[PDB]
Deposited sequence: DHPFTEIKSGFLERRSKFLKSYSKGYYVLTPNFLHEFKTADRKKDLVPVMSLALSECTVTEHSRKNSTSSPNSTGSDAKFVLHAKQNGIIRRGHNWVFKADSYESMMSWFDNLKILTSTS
């Protein structure tokens, strides 16, 4: 229940070149993935990515100034992601993506 942001995101597989969706919760410590949004019964994160090991590097530009709703989370250290690898996430709109990005930028700076 104590969080900065939560909602669905699609995470890309580099090798498979496809996306899979999960329900994410950002807290001051972790980006957690859960299979669902039911916070009372779905209690065990699929994974918890420690923010202190991550940075957010790039994001999409708005189309007019999911195509424009991506951002990249970079691993600074070996954790869930191998050091100096990157995961790409896709939110429903540029606007929602920037909400994720702007929080993550502060948390990981």
Deposited-sequence ranges lacking C-alpha coordinates, in sequence order: 1-3, 69-74, 119-120
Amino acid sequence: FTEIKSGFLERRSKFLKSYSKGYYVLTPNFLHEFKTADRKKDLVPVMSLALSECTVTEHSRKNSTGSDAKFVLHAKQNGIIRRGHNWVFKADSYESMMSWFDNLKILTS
From here on, numbers count along this sequence of modelled residues.
Other entries modelling both neighbours but not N63, at least a third: no
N78 unmodelled in at least a third of other compared entries: yes
Stretch with the higher entry mean CA B-factor, where the candidates are 51-59 and 75-83: 75-83
24-32 versus 39-47 - greater average Cα B-factor per the deposited record: 39-47
Cα B factor band for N103 (lowest, middle or highest third within the chain): middle
